[PDB]
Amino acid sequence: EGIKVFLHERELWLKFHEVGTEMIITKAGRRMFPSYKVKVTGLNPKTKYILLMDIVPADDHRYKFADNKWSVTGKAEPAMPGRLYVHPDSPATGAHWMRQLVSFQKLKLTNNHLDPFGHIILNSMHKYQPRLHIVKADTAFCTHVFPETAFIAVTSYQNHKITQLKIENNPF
């Protein structure tokens, strides 16, 4: 647990964070943008670990976007326990995980409470916090939370500034 985790593309995340990050969620499931990726150090090279993500409510509010601003508009909806996204390389050695960027870019977000594909179910107009968890594969694990990756789940982009950012930052 003397492990360090570093958010990749932090500057891009910050730009989105300043505006107020939104992530589109759909029936088919949508990848996050920015992608969530991390560098990890301090793992035992030979020990096996499972790396995984979840995405948990950031608060108890429900939100609306109006007058180019977000604001609380109600009580957050109750939900089922969040699904986990287990990194596909799991389980793997500390040396494997440390050798290059651990990317969670294939993680998908859906708004379909009946989703059959294992995608992470969110509710529109709620705020969420992505978390990374590191488990010795072998009762104990550690969790890393970057506040700048927090976001509001949306059904289509609300703040037109976000749309510009996404447009300006994806080659194709």
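All residue numbers are counted from 1 along the displayed sequence.
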Subject >> Unmodelled deposited residues flanked by residue 138 on one side and residue 139 on the other >> reply: 4 to 9
Original post:
If you average the Cα B factors in the entry, which is higher, 92-100 or 68-76?
Top reply: 68-76
**OP:** Report the stretch with the higher mean CA temperature factor, choosing between 13-21 and 146-154 on the basis of the entry.
**Re:** 13-21
Original post:
In terms of the chain's CA B-factor thirds, is residue 133 lowest, middle or highest?
Top reply: lowest
**OP:** Consider only the C-alpha atoms of the modelled residues in this chain, order them by B-factor as the entry records it, and name the third containing residue 117: lowest, middle or highest.
**Re:** highest
Subject >> Third of the chain's Cα B-factor distribution that residue 165 belongs to, per the entry >> reply: highest
Subject >> Within-chain third of residue 27 by Cα B-factor, per the entry >> reply: middle
**OP:** Comparing against every modelled residue in the chain, figure out the third that the C-alpha B-factor of residue 3 lands in (lowest, middle or highest).
**Re:** highest
